[PDB]
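Laboratory data are not the source of any read-out in this text; all were calculated from the coordinates shown. All Cβ positions, even for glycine, are placed from backbone atoms using ideal geometry, and neighbour counts span all protein chains on display.
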Amino acid sequence: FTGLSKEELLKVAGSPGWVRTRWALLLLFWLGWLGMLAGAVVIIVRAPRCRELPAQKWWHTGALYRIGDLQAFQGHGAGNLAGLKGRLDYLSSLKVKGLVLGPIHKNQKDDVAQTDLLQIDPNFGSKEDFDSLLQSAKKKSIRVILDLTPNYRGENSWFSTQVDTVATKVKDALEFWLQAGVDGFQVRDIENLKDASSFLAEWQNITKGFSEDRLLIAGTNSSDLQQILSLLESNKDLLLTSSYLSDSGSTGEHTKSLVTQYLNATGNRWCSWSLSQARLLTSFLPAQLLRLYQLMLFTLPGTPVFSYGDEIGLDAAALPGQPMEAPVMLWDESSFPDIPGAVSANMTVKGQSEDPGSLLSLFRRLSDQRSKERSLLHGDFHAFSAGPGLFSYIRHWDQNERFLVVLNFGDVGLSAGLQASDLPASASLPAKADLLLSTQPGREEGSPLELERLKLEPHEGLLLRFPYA
Amino acid sequence: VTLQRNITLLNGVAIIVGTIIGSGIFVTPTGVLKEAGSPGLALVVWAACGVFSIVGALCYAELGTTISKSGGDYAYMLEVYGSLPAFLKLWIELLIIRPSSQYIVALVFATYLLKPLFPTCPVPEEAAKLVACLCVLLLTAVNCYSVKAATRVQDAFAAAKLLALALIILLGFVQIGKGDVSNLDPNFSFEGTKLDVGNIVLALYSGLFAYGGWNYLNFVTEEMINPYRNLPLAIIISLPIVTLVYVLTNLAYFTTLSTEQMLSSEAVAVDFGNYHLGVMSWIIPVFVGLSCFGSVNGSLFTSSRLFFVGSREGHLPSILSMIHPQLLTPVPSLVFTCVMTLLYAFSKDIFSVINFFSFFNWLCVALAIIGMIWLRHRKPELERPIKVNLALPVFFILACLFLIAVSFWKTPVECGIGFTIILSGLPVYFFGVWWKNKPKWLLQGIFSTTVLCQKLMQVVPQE
Ligand SMILES: *[C@@H]1O[C@H](CO)[C@@H](O[C@@H]2O[C@H](CO)[C@@H](O)[C@H](O)[C@H]2NC(C)=O)[C@H](O)[C@H]1NC(C)=O
Ligand SMILES: *[C@@H]1O[C@H](CO)[C@@H](O[C@@H]2O[C@H](CO)[C@@H](O)[C@H](O)[C@H]2NC(C)=O)[C@H](O)[C@H]1NC(C)=O
Ligand SMILES: *[C@@H]1O[C@H](CO)[C@@H](O[C@@H]2O[C@H](CO)[C@@H](O)[C@H](O)[C@H]2NC(C)=O)[C@H](O)[C@H]1NC(C)=O
Ligand SMILES: *[C@@H]1O[C@H](CO)[C@@H](O[C@@H]2O[C@H](CO)[C@@H](O)[C@H](O)[C@H]2NC(C)=O)[C@H](O)[C@H]1NC(C)=O
Ligand SMILES: N[C@@H](Cc1ccc(O)c(O)c1)C(=O)O
């Protein structure tokens, strides 16, 4: 129908000039196929292959969490080891990866003869309670780190006596506790320990000997860069928290200089960022700077360490009669029975779990962003110059979403004034970037904005995100 | 001068199993996990979805026998709804539904074949398109050569898909056999409830995606040797086994990977492969890619046949029914299909068309099932095989309607845009299907073009 019949077509399509045409077309198609294959293989070969992952351990993937006073964490009258197992959900809300419990051994005073690191103080709990806590944490994938300090209720933390016996007993305690299943250890105030470097090296060697998934934390109170670097002259896998970033912060350039000098001197290794070893953020900063530092500590190439109550801006001096070394957590308006009515609904965890304009919500968002992207996990860090009082830096791993942080430590507004031509072309910032979040309410999110006319409000931080260039 | 049966029941079972198993459970198990309830609840959802699909099968198992004509979902509604709706269906079908399907499957094949050369870094975009086009062209050439080879190719690739799924099941069971709690006891931890917008319901229109393709065998009917018993037997063999395979695969994934790990991943199959097998893990991705290969073949083996149906009625140009006299393969239809797929390759992103894919196919199925009972009422005396009652389909029909609801939830504007294509296709019908009155010049040109094409590629008409 509407075409040549079968017999006529088979009679007419046998002459030369039509079989040759079909053969030529077949040859052309089949050669074009091989040409496309060759093009595909050339495209595949001519491309950078990839960058291999650095095989991170468990403590590279998130922020730690310290607890200096177990009894005061959930209020008086309920301080016990088994009490913690009812709180991990809240901790699981913060998506932390560690839990640095306070010292729970038997130590009444500077007495040494009968101060043991192997017996749990009955005031806290029992060995079975500790085992249950560890099992529940393992089910929740929250690693537990146990503190060890011969004196935590006295004045001097090392008995002010010959350190051989305490070194031997803590060495025995390390191997005794590693059987139970602890995932690390922490020692504080090591600056008061004679011949610290040899002891730290031996302890690190012993701890790494049991497994490759164990951690050792060392804490000092000094802030001298040379002093900090001295303790690392024989150890490179130690995490040393110290008051290096404290006693300053008034000018943005000073903090930038401190961070850059520390990274240059340490040789770009894994370090831990914290404003102190056993104190909260409010003990060194005004109430208007917590958001700025909380944004700062989540985007540094390291493992942030926070003390308990630093996600709701707890203040020791805001409530009279509360010791500054152990503030009471504010779970509700009744969390402080003494002088009731002195706590508002804004300082309570339950009062901040639903308000996006609060520290806790920002804390949760930052923690979620830190433990998810590869650039914030093992990305490369590059800081470039900007205007005075500013701190701007970039994180970029290989080919993933690049992050750009801009911070205004100054008290007055100013322009951005960012400078290019000092980063590799693979890390050059684009003209327009998105805005993942801002610590100052009054701005929109998800809107790609230009970087040429960017202005910063006093004490404001920006977390722009842009894709591969 | 007409194509022969050259299909047995085993080939039909292989075709349906292969076309059901596409990317499916290999790429998107995370959805139901993070869209409704808890891990354990997800184990229920898939099963429920399977029952749904099974019910739908038991409709086409009878309707297909009712009107023994090729071109499923087109010739069946050709009778009830008249001429214009059938042509509209066929036109939008060929224009969007097929090329999207072939291109998506081919692109998935290319990506999961090229993955072992770019484990963490993303695969280059240029290479994937070229590999997909090469696969499509090679499969078109193979189908055009002889259907007999394509039958064994489809059989072998369906067997390979089943073997890969069985290996996945075996590894998932062995990683439990060593002794571990594997967090299976905690269930319904964050189940919540069905929200006002819909929480448990929200997972069904994503779970049903892997269960699609249960009517491709009805496209190439009347090419089967004694379809009367073979087609229902093929359906009954195919559906329960694939449903149980999917639910067991979901169990295997849940027993080896935590919720957080699954949420923080894109390709669950790659994680499962490199987790419990380590070196030489390339077996897991490559097989997946190989699977997609067979899938593409199946699509072609249906698509061209549908076109061969259309020109029989007159809705299509007379050339798109031509047959090579010595090789039965319908060459012009295959060339048309591959050309359409390659033209569809020129896009700007993925998933831009799949959004209304469910809307289109579900509305077509719903209209077909509605027409079934009206046809039965208007003609209650027929030689149908089971004389089954309309008890089962009616409920199914209502469920179909529910889908349109969700369809007009996410992108109603995209649906409105999609309607414009069929609205512009109405003039396509009016141009040549009905307005037979044409000037002599146009008829002469059409005849000259047709005879030129027949001279170029040796094809003789069908009788
Ligand atoms: C561990 O400390 C010692 C002190 O010299 C050194 O290695 C010791 O001796 C051999 C050689 O490595 C090891 O098999 C022992 O296990 C080490 N003794 C320990 C644990 O102190 C070296 O300084 C360090 N090397 C290791 C193994 O970490
Ligand atoms: C760290 O804390 C100690 C105690 O407050 C500071 O003072 C030292 O105290 C010990 C006694 O425990 C003395 O033996 C030292 O001589 C004191 N140090 C100095 C420099 O005199 C110590 O100064 C603190 N560290 C820093 C860097 O301030
Ligand atoms: C780390 O910074 C130091 C300190 O600037 C640099 O080492 C040399 O330091 C002296 C004194 O400042 C100067 O000669 C230069 O600043 C440095 N020498 C060079 C680089 O020519 C150095 O830039 C950085 N790298 C290290 C680890 O030395
Ligand atoms: C939570 O809300 C109460 C009620 O306003 C705050 O109490 C105010 O404290 C601010 C400084 O924080 C003072 O300027 C006001 O005089 C107080 N107003 C009243 C009516 O009490 C409470 O301080 C708020 N929380 C914080 C720390 O800002
Ligand atoms: N079911 C195919 C993909 C697919 C095939 C056919 C369909 O009709 C459909 O909607 C979707 C798969 O498992 O990957």
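Could you tell me whether A:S248 is away from ligand 1 (no atom under 16 Å from the Cβ), out of contact with any strand residue (DSSP E or B) (no Cβ under 7 Å at 6 or more places or on another chain), part of a helix (DSSP H, G or I) and not acidic (D, E)? Answer is no for this residue. In this structure, does A:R46 turn out to be surrounded by 11 or more Cβ atoms within 10 Å (Cβ to Cβ), within 10 Å of chain B (Cβ to nearest Cβ) and either on the phi > 0 side of the Ramachandran plot or of a type in the set (D, E, K, R) (or both)? No.
Of all residues in the range A:85-102, one or more are of a type in the set (D, E) and farther than 24 Å from A:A278 by Cβ. The set of residues from the range A:265-323 being away from ligand 3 (no atom under 16 Å from the Cβ) and of a type in the set (V, I, T) comprises A:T282, A:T299, A:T303, A:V305, A:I312. Among the listed residues B:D196, B:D185, identify the single one that is within 14 Å of another protein chain (Cβ to nearest Cβ), more than 16 Å from the chain's Cα centre (by Cα), charged (D, E, K, R) and more than 16 Å from ligand 2 (Cβ to nearest atom). It is B:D185.
Only residues that are part of a strand (DSSP E or B) and away from ligand 2 (no atom under 16 Å from the Cβ) were counted in the range A:195-242, giving 4. Among the residues of the range B:156-204, just one is of a type in the set (S, T, N, Q) and in a helix (DSSP H, G or I), namely B:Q175. Looking only at residues in the range B:205-218 that are not aromatic (F, W, Y) and not in a loop (DSSP other than H, G, I, E, B), the one that is farthest from ligand 3 (Cβ to nearest atom) is B:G207. From the list A:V182, A:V170, A:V187, A:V166, the lone residue that is touching a residue at least 12 places away in the same chain (Cβ under 8 Å), among the β-branched types (V, I, T) and part of a loop (DSSP other than H, G, I, E, B) is A:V182. Looking at A:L285, A:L330, A:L290, A:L314, just one residue is of a type in the set (A, V, I, L, M), in contact with an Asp or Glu (Cβ under 9 Å, 6 or more places away or on another chain), more than 14 Å from chain B (Cβ to nearest Cβ) and within 16 Å of ligand 4 (Cβ to nearest atom), and that residue is A:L290.
The residues of the range A:14-38 that are over 20 Å from B:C144 (Cα atoms), over 60 Å from the mean Cα position of the chain (by Cα) and either in contact (Cβ under 8 Å) with a residue 24 or more places away in the chain or surrounded by 10 or more Cβ atoms within 10 Å (Cβ to Cβ) (or both) amount to a single one, A:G14.
Residues that are surrounded by 13 or more Cβ atoms within 10 Å (Cβ to Cβ), under 20 Å from A:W331 (Cβ atoms), touching a residue at least 24 places away in the same chain (Cβ under 8 Å) and more than 14 Å from chain B (Cβ to nearest Cβ) do occur in the range A:101-111, at least one of them. For the range B:406-445, the candidate set comprises residues that are of a type in the set (S, T, Y) and under 27 Å from B:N199 (Cα atoms); within that set, the residue that is farthest from the chain's Cα centre (by Cα) is B:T411. Residue count for the range B:13-45 under the criterion of being buried (at least 22 other Cβ atoms within 10 Å of the Cβ) and either over 22 Å from B:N297 (Cα atoms) or within 16 Å of ligand 2 (Cβ to nearest atom) (or both): the result is 8.
Conditions tested, residue by residue: (1) without any contact (Cβ under 8 Å) to a residue 24 or more places away in the chain; (2) closer than 30 Å to A:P467 by Cα; (3) in contact with a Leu (Cβ under 6 Å, 6 or more places away or on another chain); (4) more than 16 Å from ligand 5 (Cβ to nearest atom).
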residue	(1), (2), (3), (4)
B:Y60	no, no, no, no
B:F87	no, no, no, yes
B:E126	yes, yes, no, yes
B:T140	no, no, yes, yes
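Being more than 16 Å from ligand 2 (Cβ to nearest atom), closer than 16 Å to A:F391 by Cβ and surrounded by 17 or more Cβ atoms within 10 Å (Cβ to Cβ) holds for only one residue in A:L295, A:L290, and it is A:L295. Residues that are touching a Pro at 6+ places or on another chain (Cβ under 7 Å), away from chain A (no Cβ under 14 Å) and more than 30 Å from B:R384 (Cα to Cα): find the helices (runs of 4 or more DSSP H) completely inside the range B:45-140 holding 1 or more of those. So the answer is B:98-114. Put simply, of A:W59, A:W33, A:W23 the only residue that is more than 30 Å from A:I312 (Cβ to Cβ) and more than 8 Å from chain B (Cβ to nearest Cβ) is A:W23.
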